[PDB]
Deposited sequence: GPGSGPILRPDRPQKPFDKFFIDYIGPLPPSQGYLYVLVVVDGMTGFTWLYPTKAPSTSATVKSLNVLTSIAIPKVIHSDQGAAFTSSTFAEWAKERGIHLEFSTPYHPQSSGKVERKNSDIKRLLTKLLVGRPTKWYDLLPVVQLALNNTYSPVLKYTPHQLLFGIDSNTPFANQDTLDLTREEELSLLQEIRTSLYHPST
């Protein structure tokens, strides 16, 4: 019902090494579909916690939903969530597919440069319209590269 009520989280990667980064932590807000992308060296509990402490400095989600990935099912992650009163669920898929498709296209001719281009992927994702919705994720949350990205998202 509210932004920041529920996060859906997942790892994408590995990608070609880029400034030592190999993975992207994907966080999708349930209500708005707003996506945060965090580059990490590993798909680990500690990188997940690092990124999510940054995000939860804005607001604390009631629920976090993920898959059974090792980053998410550790007792360290469980402890972190319990300390904050966060309910963890395990088992938006369209959103995650979109992101993967975006990343693949952007690697072409420049595989080591994805870290630098990452902020523009996120900007693109949050300022593009979904098939059935009338507003962008950015609008819902706050009340050439860009062209190529929009190609993948709109076609």
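Chemist: Got a list of the deposited-sequence ranges with no coordinates?
Modeler: No C-alpha coordinates exist for 1-13, 105-114, 167-187, 200-202.
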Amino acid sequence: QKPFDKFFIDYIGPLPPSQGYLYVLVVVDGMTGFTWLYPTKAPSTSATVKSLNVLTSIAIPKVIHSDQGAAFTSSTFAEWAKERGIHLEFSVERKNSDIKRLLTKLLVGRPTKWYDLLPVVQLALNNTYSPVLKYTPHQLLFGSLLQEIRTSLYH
From here on, numbers count along this sequence of modelled residues.
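Chemist: Identify the stretch, either 93-101 or 106-114, whose C-alpha atoms have the larger mean B-factor according to the entry.
Modeler: 93-101 has the higher mean C-alpha B-factor.
Chemist: Going by the entry, which third of its chain does the Cα temperature factor of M31 land in?
Modeler: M31: CA B-factor falls in the highest third of its chain.
Chemist: How does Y21 rank on Cα B-factor within its chain, lowest, middle or highest third?
Modeler: Highest third - that is where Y21 ends up once the chain's C-alpha B-factors are sorted.
Chemist: Lowest, middle or highest third: which one holds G69 when the chain's residues are ordered by CA B-factor from the entry?
Modeler: Top third by C-alpha B-factor.
Chemist: Tell me, lowest, middle or highest third: where does the Cα B factor of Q122 rank within its chain?
Modeler: CA B-factor rank for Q122: middle third.
Chemist: Looking at the C-alpha B-factor of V132, is it in the lowest, middle or highest third of its chain?
Modeler: Tercile = highest for this residue's CA B-factor.
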